[PDB]
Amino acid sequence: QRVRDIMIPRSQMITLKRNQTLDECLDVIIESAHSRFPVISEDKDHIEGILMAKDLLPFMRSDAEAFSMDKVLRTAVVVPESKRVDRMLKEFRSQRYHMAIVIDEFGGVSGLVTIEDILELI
């Protein structure tokens, strides 16, 4: 199929805001139980990057630095809606990543796609 046929659409993406407090973030993270979250600015069409929940663990150490979104924000990989699942799988595999943001022909965000959902198919 197309990446578009297996993606989590935009409105169902569980995201974080680049300005929220750690507590507000944790609330979302803990209750959604997901591992990676797109981080947005004004809305879900403007993704600043990706936050992986495991990157929060160093901040839990008793002698850790202060947490800030900038310390954990990763670059978001974007792919077109028309990208092929085979190619999508191959790319998750060779670049060793798990989530990509799907963009429409017009620069809007269509949804996210994960290696987990592809494998569940096969």
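Sequential numbering from 1, following the sequence displayed.
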Worksheet item: As stated in the PDB record, which stretch has the larger average Cα B-factor, 17-25 or 100-108?
Response: 17-25
Worksheet entry | 44-52 or 65-73, whichever carries the higher mean Cα B-factor | 65-73
Worksheet item: Of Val79, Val85, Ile30, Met60, which one's C-alpha B factor is largest in the deposited record?
Response: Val85
Fill in: For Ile8, the third of its chain into which the C-alpha B factor falls
lowest
